[PDB]
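By convention in this document, chain letters (A, B, ...) are assigned in the order of the sequence lines, proteins followed by strands, and residues within each chain are numbered from 1.
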Amino acid sequence: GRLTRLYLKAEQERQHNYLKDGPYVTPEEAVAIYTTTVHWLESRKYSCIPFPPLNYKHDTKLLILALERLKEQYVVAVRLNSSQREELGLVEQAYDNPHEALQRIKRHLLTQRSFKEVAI
Amino acid sequence: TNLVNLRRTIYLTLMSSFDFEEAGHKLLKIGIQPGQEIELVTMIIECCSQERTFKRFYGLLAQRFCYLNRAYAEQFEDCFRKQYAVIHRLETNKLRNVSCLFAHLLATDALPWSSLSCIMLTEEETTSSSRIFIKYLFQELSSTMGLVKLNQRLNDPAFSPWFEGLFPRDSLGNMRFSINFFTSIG
Amino acid sequence: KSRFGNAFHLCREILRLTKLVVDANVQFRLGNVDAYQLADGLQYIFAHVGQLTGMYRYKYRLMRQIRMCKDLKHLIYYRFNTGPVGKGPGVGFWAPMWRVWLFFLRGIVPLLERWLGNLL
Amino acid sequence: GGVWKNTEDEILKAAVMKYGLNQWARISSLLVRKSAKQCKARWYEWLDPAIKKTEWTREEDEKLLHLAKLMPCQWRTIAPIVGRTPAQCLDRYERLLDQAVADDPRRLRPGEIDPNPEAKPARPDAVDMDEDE
Amino acid sequence: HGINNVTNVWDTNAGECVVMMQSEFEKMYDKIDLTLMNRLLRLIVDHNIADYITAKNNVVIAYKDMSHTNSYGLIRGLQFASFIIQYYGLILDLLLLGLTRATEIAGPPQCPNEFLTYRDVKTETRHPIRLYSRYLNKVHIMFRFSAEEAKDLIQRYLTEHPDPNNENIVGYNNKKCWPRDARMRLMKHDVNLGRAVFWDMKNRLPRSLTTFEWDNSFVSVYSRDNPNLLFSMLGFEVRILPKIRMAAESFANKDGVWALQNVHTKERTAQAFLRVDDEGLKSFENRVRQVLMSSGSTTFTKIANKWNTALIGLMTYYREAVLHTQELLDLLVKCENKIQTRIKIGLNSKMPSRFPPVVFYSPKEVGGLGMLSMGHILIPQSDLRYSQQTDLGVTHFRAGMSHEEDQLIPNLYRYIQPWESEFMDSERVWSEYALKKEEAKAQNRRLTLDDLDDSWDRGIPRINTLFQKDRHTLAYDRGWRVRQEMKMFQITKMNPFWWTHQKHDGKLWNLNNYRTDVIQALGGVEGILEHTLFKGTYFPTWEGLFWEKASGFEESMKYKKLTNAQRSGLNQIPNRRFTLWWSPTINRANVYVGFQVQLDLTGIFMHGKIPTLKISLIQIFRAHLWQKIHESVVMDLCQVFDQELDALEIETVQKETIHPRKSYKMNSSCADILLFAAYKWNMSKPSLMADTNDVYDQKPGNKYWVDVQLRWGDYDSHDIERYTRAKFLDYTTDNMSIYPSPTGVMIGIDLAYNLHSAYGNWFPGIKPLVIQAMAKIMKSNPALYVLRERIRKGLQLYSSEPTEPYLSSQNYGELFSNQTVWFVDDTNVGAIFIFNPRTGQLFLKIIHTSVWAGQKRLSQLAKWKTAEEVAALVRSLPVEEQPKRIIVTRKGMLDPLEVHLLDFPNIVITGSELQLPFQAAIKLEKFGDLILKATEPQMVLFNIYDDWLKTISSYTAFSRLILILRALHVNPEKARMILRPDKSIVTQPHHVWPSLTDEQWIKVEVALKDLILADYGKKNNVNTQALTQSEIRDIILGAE
Amino acid sequence: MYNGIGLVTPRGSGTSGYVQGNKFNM
Amino acid sequence: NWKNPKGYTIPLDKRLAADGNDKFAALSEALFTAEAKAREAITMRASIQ
RNA sequence: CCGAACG
Ligand SMILES: [Mg+2]
Ligand SMILES: [Mg+2]
């Protein structure tokens, strides 16, 4: 507990200093970097990853993989708290109706730009 | 059943140890009496062949026991000839284990080369498992010593008659089967 | 309120040992026991204080008297039964382990008088 | 689970007066529907007295647009420099952005889970009651 | 294998030097700018996904009352954190390499080249950077330099960091973990090529993003004067020694040494020597420390399973690198000991030989903890002063972990296939599968299961996983290996198998041969059960026997009814089964130290203080059962001498009753079976009952003595013959012993191991007679039986033997026969119940509250007193009125009354699956008033046959009182109106029921059955119209 | 004897502290 | 704001009250004209190719 | 090596 507090003082201060002492990456370091990446990706004949299509053939298999992964934390689980029970509820809902889970997920990716507090 | 109890002891020794050092030392203090020494060596082979593949434990402890007392060395060579006799009944995994162990010890002078006479190279004399184990041991020793190293060691006049069957000169049918087979090896 | 401490319990395990020894001699003296049975039973008492008294619970350093009496017993029993003499009761060479416990008692008399004077 | 009915906002505010800003699971206990995480979020996203719920200035809009090009998509960073809260900043920027261009795949579906119910204003107490309310 | 295959890698002829640099990107995640990250992500993904990924990182991180906004780092617990890390790191890889060395290392977009390979050798050799990998934030680079390239580099380095004094070498990082010759030397060209390539690659990175740090890096040069190339990659320390260089002695021998082949020349050109990092050993030791620092009060079995998972992770990850890591072998011995002694400390008995290897290492099947082991191996350690210099080889070794005999617990290595072998096997099985499909798919005889069982646990994806339930939806699972790595930033359990995943890898190890070889090395399941309280359960074979898990009564009863006031009280039960079951070995007589208290009323000696053991053994010989077993065996040997009462020259010997505290008088014995016999018969000299011979000299009259005294053997002393001979030989010789005959011959019984024997003076016609008697006694007694069943309940060892039919519905007529049948309901104590179906009377004995003024437990004391009051009735009853079958409702009373019915061992005790409403019997106004109105304990004779059975049958009035009891259980304020139809509709005061005529009686019983049926259907969502004969009768009487 | 090999104290390491000579030494 | 043994209700702001860069523009501008130049050169060269 | 109290 003392070390998480001490780390978080240090880390709060690092986050503050970034906003004061500004982006550490220089405007012409970032551009050399962005340009190297562009010329790489273009050398590789790369195509962007598109937004998960509506009639996406794999959309439900990927969601089921996701939910399997999220469930897996709960296959030994013996006592859950309200966020773990809430998680299992939402995993069950998304297994039960994959299509509305998928529509929620795509609405999140499309719109959601502010998110809840992360616990550390 | 006391031989069964010694196979108990020797197996249990091998399965209960880490390095070939420990296994060997514990075995030798079990008090293995002469005449029954082979009872260990076959077990030294058997479990090694049952292993899913090569743990170098077997060849290690064996090539440490061979120069420890050449009795076990001649026993390993003669049991190699007996294994040449019966390898027809061998599953390929235990086959590869036995062959790779014998070749690994071969490249390290832990057994005489004379035991290698047990290889004939006739197609009426070579069953499938025969030539398969042969290709295995050949690639193994050609790795363990090298291509030029094996090409030097095996061509020696002091090694000549011991490669009699494996390189037959009496029939060019044998010469062709040997050449094609060994080429298909590597 | 009836939980006694290490002073009371060390005193009474020491008194239990002296009872055992005194009783061994009283059995000899009533005639119920030989001199050989007395000697073997005294050497047994002195070699088995961790079995017969429980005194190590209240002063666990006297595990070294118990280890020493065990080593003394191994040595004496080995050198005793050499030949046809064999493997059972009958060895009554008790002065080595007796003197182990006498050293224990000389060194613990001051500690126990302190503890028991404090209790009193 | 669900948006805040105005009785809950006022119990949460009375509890913030009684209990302070670090007892969110003590405050979470008055409200049966809400958990400490949601009470904390409601306070910080809607009921902090230091939240300007007033109409948007236009010094503030040009600050918001400067920032949304400076720190793109960093609404938690942008938000204290504008002075609003990240959901206020976010939807205000969406409004201004549609003002330039002048169903939608970008709006809440009926029976979907709203992500931030703690940002929306309190559903007012109704003409009736319930033994829950 | 890629280091080996770079062309002329090992040539140091022209001064060419090979450098192996490894370093992490030093604050790589911390320093991801979210604006630059956003911009770069928009290059590879939809701008909406880029913006979601960017916003998801800009969040508030809260700990308790602390909180800040993340503006700068990356949140590593994000689920797609790995994708950002790997793409950002790819950008840093392009910074390190340049877009030409990167595009050569990667290969064309159309034909990319595999991990460490190139298309040509002109492409391979063009550039110093030969081999390259980044494992998320850690980089491994292998350069090969000309001496011209190396010289130019060292120049530029020193001209940039000029130090004339030669202070270059001082703060250099090369590991001391290897021997001193074999590590990287202190040459100036080599130390300086190391530092120069570090410095030149560290200059390649904008320090606003990352640097390399020399202290979290490692460079190794292979040069003229340095033969080995070193690295450490994942937990593995690797030292590669080529043949061309300083081998000089052709070396292919060790189990954990990898032989590196060239892909072209196929000659083994080098050996890789593997250890485990000092970070790997610290990781494992911390992981054991964490197991040992657990919930504090955990079962022995979860301590053992967590040890097992820690050990399997260690051994199945590192496999052969564990071999040549000797600090690991010592760590494993120390840490397996640690686990064991935490388990021991769980019994307040740290002693060996209480807990021999058998207790820990015997499978969970055989009641042991199932610990795997890597500690019982000699630890090879060579002469200290010289050993770090030259890799001398081991001359001495130390005993790792102690055994019990020349015992040996199988080492867990030998059951884990080496990684080198796994990869050779995999090359083979997957190459052949490639040719097999590449050949058969056009031939249309495509591959199928059992075309491949030459390979089934084989291949590094097992050739086991193509035949999988989900092989369609595991082709879409990409990035799962990173996924698994990155889950440490999301959950607070650390998966020991973060590196592998069965749905893709397969199982990759199998430790079943290990459990069978550990059974064989413990002396087989029989030699294991020699240490156990089995042979005290009298289960004839171990085979038909299974253990309770108890996981059937954890969730099946309750969700939140378990409390912390009852939590450890439940985690003590599985240690009680374990302790009771190993008590022959735990509570054994040859203990080093321990005061040896004899248990309260038994002949059990506890050596030391095992509290769980004493509580178990104290509720097994409850109810003076030691006394009872002695009584029953001496009684029944005298009855075998009422059985053979005239054949030999003997008298009536009846049940010799003596001081009860004699069975557990473990120093002196006396007064067993009556001696009295008419004439003179000719006794032997003191032999063991084992033989049969030697009938012999003088025979005195009415001096025919036998003494049967019990015992509880330990594992190390249960030899009944030696004990019985010694007991006889001892205190027939002694004066404290009252033996009327000079032939007071001794019979011993081992209550723990169920053995028997005898030694003394045989009075002819005995050894074939006493042998017979004992061989039938040790199977037949009620006392030995209630023992075996108390022990079986304590162990929860059950067979598929379970006893004769219960009171199930198929027997509702059998109680009406000529034998007096008894029921009992021990819930309502209070007052006890006796329901006799054949006569309609009731023995309503009401129990006063003074019998519970200060009694220890309500339920425990009440259940035993109920059996004792049944026994007091069976006593104060004549012999003609005693029962033969006694059906008990509540299953708890099967124990006590069977012991109380040892003096009348003829009465049958068995359970009942049927339920009856004797609860409803106390819902009657009379039972609800009078019993609480009574002041003192009194027996109330009663009658459920108020005036009925004078004409009505026994079964008929039973089928009446069935609906009576049911509608009183449920309806009771409804059954009142049936039994209170009119004020003038009267009753008798000397009987409970108001008696009517047959038509009104039947109408009221039809209403009473309707009350039960229409009240069961509405609670069961069940129609009353499709109810069958049995579908009604099974609910109306009791429970189905 | 202890000819420069191994543990100085066999107390806090978890073995009984016996150093057997290799019957496998050449 | 942690302690209240008495339980006194404190006004919402009597609690809150007692005990309470220019490079970003440079970077985002550089990155945005980098995006622009990259996009335009990509479209130009890929539509003439 | 090895066991008692307490929490
Ligand atoms: Mg305290
Ligand atoms: Mg307390």
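The side chain to side chain donor-acceptor pair (under 3.5 Å) pairs that include a residue from residues 586-609 of chain E number zero, where partners must be two or more places apart or lie in different chains.
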Contacts table for residues 14-24 of chain C: side-chain donor-acceptor under 3.5 angstrom, sequence neighbours left out:
residue: C:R16; atom: NE; partner: C:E13; partner atom: OE1; Å: 2.8
residue: C:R16; atom: NE; partner: C:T53; partner atom: O; Å: 3.4
residue: C:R16; atom: NH2; partner: C:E13; partner atom: OE1; Å: 3.3

N/O donor-acceptor pairs under 3.5 Å from side chains in residues 97-117 of chain C, not counting sequence neighbours:
residue: C:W101; atom: NE1; partner: C:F46; partner atom: O; Å: 3.1

Side-chain atoms of residues 325-344 of chain E: list all donor-acceptor pairs with protein atoms under 3.5 Å, sequence neighbours left out, distances to 0.1 Å.
residue: E:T325; atom: OG1; partner: E:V276; partner atom: N; Å: 2.9
residue: E:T325; atom: OG1; partner: E:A321; partner atom: O; Å: 2.6
residue: E:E327; atom: OE1; partner: E:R275; partner atom: NH2; Å: 2.3
residue: E:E327; atom: OE2; partner: E:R275; partner atom: NH2; Å: 3.3
residue: E:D330; atom: OD1; partner: E:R398; partner atom: NH1; Å: 3.0
residue: E:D330; atom: OD1; partner: E:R398; partner atom: NH2; Å: 2.5
residue: E:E336; atom: OE1; partner: E:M374; partner atom: N; Å: 3.3
residue: E:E336; atom: OE1; partner: E:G375; partner atom: N; Å: 3.0
residue: E:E336; atom: OE2; partner: E:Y361; partner atom: OH; Å: 2.8
residue: E:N337; atom: ND2; partner: E:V333; partner atom: O; Å: 3.1
residue: E:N337; atom: ND2; partner: F:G14; partner atom: O; Å: 2.4
residue: E:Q340; atom: NE2; partner: E:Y361; partner atom: OH; Å: 2.4
residue: E:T341; atom: OG1; partner: E:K338; partner atom: O; Å: 3.3
residue: E:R342; atom: NE; partner: E:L292; partner atom: O; Å: 3.3
residue: E:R342; atom: NH1; partner: E:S294; partner atom: OG; Å: 3.4
residue: E:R342; atom: NH2; partner: E:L292; partner atom: O; Å: 2.6
residue: E:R342; atom: NH2; partner: E:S294; partner atom: OG; Å: 2.4

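When the ring pair (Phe, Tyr, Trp, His ring centres under 6.0 Å) test is applied to C:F93, no partner is found at least two apart in sequence or on another chain.
Spacing between atom CG of C:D71 and atom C1' of H:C1 amounts to 13 Å, rounded to whole angstrom units. The nearest whole Å value for the distance from the CE atom in C:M55 to the P atom in H:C2 is 20 Å. Look at CE on C:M68: it is 19 Å from P on H:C2, rounded to the nearest Å.
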Protein-nucleotides 3-7 of chain H N/O pairs under 3.5 Å:
residue: H:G3; atom: OP2; partner: E:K350; partner atom: N; Å: 3.0
residue: H:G3; atom: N2; partner: C:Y56; partner atom: O; Å: 3.4
residue: H:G3; atom: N2; partner: C:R57; partner atom: O; Å: 2.8
residue: H:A4; atom: OP1; partner: C:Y56; partner atom: OH; Å: 2.7
residue: H:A4; atom: OP1; partner: C:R57; partner atom: NE; Å: 3.2
residue: H:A4; atom: OP1; partner: C:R57; partner atom: NH2; Å: 2.9
residue: H:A4; atom: OP2; partner: E:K609; partner atom: N; Å: 2.9
residue: H:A4; atom: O5'; partner: C:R57; partner atom: NE; Å: 3.0
residue: H:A4; atom: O3'; partner: E:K609; partner atom: NZ; Å: 3.4

